[PDB]
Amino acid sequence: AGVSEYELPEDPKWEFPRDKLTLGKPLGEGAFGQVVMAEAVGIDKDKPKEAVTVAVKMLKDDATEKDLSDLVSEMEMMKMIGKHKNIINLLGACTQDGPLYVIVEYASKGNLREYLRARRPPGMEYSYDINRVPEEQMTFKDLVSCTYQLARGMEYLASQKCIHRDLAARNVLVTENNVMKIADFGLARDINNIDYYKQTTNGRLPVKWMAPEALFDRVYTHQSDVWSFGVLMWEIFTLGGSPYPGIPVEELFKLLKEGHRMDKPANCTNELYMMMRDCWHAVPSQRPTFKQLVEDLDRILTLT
């Protein structure tokens, strides 16, 4: 393509008028972009006069070409996958005659890691944290429920023949009503009509969440997302813990080849830990599918 010479084409069904978008407080600032809260007047067809709170993803002043390319790619991926209860859904975009604004559903309780960490059982909270929410402490049931919703989001994603490639607690958002939503589709790819996605030699996927076929064989499939989902489960059941604690990524490469796997999280059942271990099977085709994970997780959640 070439973003420095590409004119974003009009797409009237998604286009939103700039004069009806009012930018508010920042929600996030990463290395490659920015997200702010906004009021979008009329974005909901049902209430054409009503302003709805939304989140807006946009470039920063020091953006690279790749940053712009990533933002366009995320927007296009979200058009293609369609709507699901457990995915941050695309609402609109301001693409003409000005900065690219990608408008999506607002998740008022923020990213999953901090959501879990603020909702930890007392004492493990040492030291003094002003951001805790003891009135909403996580039960085992809440954690399973969290995993089930995310599994449903990925089941839907896989059914659209989309790979996310960057699954992780930092890329999950939580709504006012505690709905888990997969976000950040900047690295997502459409693998319709190809057997697998071909990774570059040195990719842009965080190593501690990467399946080995991708790390060592440069292949990415839905089963690679399953590996990542297993790491995400581990993050969930440690209530926002960071993976392979104490192991730098440079040492992880060889440990993985040798069959190293993370230990069971403190307050998790063997049944759930085995499910994690199943996701980290060396043979991709021997990991469960997202459909099987949904079925298993649903059964577990029902019993609880």
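Heads up: residue numbers just count along the shown sequence, starting at 1.
Undergrad: Mean C-alpha B factor from the entry: is it higher for 225-233 or for 178-186?
TA: Per the PDB record, 178-186.
Undergrad: Once you work out the mean C-alpha B-factor for both 111-119 and 81-89 from the entry, which is higher?
TA: Mean B over CA atoms: larger for 81-89.
Undergrad: Between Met262, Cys268, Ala38, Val249, let me know which has the highest C-alpha B-factor in the entry?
TA: Out of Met262, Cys268, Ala38, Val249, the record gives the largest C-alpha B-factor to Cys268.
Undergrad: Among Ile194, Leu143, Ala151, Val102, which carries the highest Cα B-factor?
TA: So the option with the highest C-alpha B-factor is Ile194.
Undergrad: Going by the CA temperature factor in the PDB record, which third of the chain does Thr201 belong to: lowest, middle or highest?
TA: Its C-alpha B-factor, which the entry lists for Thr201, ranks in the highest third among residues of this chain.
Undergrad: Where does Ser73 sit by CA temperature factor within its chain: lowest, middle or highest third?
TA: Lowest third.
Undergrad: Please place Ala169 in the lowest, middle or highest third of its chain according to the CA B-factor in the PDB entry.
TA: As the PDB entry reports it, the C-alpha B-factor of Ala169 lands in the lowest third of its chain.
Undergrad: If you rank every modelled residue in this chain by C-alpha B factor, which third holds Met275: lowest, middle or highest?
TA: Its C-alpha B-factor, which the entry lists for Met275, ranks in the middle third among residues of this chain.
Undergrad: Give the position of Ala51 by CA B-factor within its chain, expressed as the lowest, middle or highest third.
TA: Top third by C-alpha B-factor.
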